[PDB]
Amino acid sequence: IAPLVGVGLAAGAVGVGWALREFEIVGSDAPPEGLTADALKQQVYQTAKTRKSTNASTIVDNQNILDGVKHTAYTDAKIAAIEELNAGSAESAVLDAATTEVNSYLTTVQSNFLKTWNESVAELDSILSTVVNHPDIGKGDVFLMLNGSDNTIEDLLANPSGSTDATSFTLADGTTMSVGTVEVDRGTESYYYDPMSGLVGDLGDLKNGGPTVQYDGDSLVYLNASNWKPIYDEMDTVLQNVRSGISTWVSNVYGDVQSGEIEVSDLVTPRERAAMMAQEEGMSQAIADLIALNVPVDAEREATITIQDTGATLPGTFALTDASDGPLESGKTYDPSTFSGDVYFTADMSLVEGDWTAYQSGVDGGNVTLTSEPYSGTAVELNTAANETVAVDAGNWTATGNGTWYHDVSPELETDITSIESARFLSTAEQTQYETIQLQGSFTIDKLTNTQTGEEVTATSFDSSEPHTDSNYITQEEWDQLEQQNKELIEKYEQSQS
């Protein structure tokens, strides 16, 4: 089965909780030993494809949410600085309390980011163990093993956190963390890759940066330090800018802002609210986390989109990392690849629709054939020439090695021998499946509707709270507005999702 988000919507899953709190990382799932030659090659490819997808869903595809990390860091730093200020502490103590909150929060962000990389290197190490141990296969049968010069590398190794060849990274907290490395053996010399160092930069590096996993003519690159280095550098820029900025903020506020002027002890931070929602059941977490990361959102305008490449229709709300790409308009086609920022879409996956054209017209004795893989959590509803409608779930379609999907529909049919005139796909799910996806492929807004008034509007309006700076959030009004804008955005999504 093909993933609905990945293929059907030409999108990516969104997990941004790692930038807000301690996040649950997807554990290593390396193929077992004792497998057949083909199955190991297949499972190594599947293990790398799933790892690339989960690393993209959380870290790699969301590099533009770090502006929200900067905003979140400032909220906690300023609150702690205001507490010490209201208590009549020395400027030193006010700044120390602020910096500790910056360092404590950014350690949780750095740790989540490096644990995601560590789990990938650890899983790679157990892949390379299973590959070497397999009697019929070597590393070159599953990996490209080429460098920039298109020459075969001496060896591809993975040193998990704790290993002698794993790097030691100092967190904002001042504590040390071991980070796993992707090793390229060059004899006596060796290349080590981690999110901090990235690639070496010469032709001795892996042809495509990270290991290239190949199986049955299809291949993929993952664990590419070139994709992790810009995220680390921007995260490191944020840590340095918030530290220097809060030192400036404290100097501008100390003496000027009097004790009792600002009262933010009773205030529940957007980060805290999203952490609380993560502990319970309710609205979809990625949008709760995206609101907490102060990403411009249009909660009030429901848009029905058509993913151009597949024809999949989906109703939902938009979120833009950079509202400069916006305002998105009704009837217009948008290419997210031309956008300066990233496009997010919160929708009920149970409402995914779309015309299915990847089918064979001839029904050979009840056996209906599909020329493309059906999507996960969906069912292909076929309309026969004798006006008979039958829906078959994705898991009930049987695959052949020649890229076709068959299912015996003779028990549900009266006229087994017929021709399929029409076909469409719809969700299998009975309950709501609200989720946030990142739009990668082109899409057209077929309609825009204001959810409160119920009217058909022509443009979108993105809302976010004022971002933090070294001179702002020095008044009660500013802090009360932050609290209120967050509360009304959460309530808006909580109302729409029930």
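From 1 onward, residues are counted along the sequence shown.
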Greater mean Cα temperature factor according to the PDB record, 267-275 or 363-371: 363-371
Higher-B stretch (mean Cα B-factor, as the entry records it), 439-447 or 44-52: 439-447
Say you rank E91, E300, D173, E183 by Cα B-factor from the PDB entry; which sits at the top? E300
Select one of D355, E101, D216, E234: the residue whose C-alpha shows the highest B-factor in the crystal structure entry. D355
Per the entry's values, where does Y191 land by CA temperature factor relative to the rest of its chain, in the lowest, middle or highest third? middle
Third of chain Cα B-factors occupied by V142: lowest
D67 CA temperature factor, ranked by third within the chain: middle
Divide the modelled residues of the chain into thirds by Cα B-factor and specify which third, lowest, middle or highest, holds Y344. lowest
Chain-relative CA temperature factor third for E421: highest
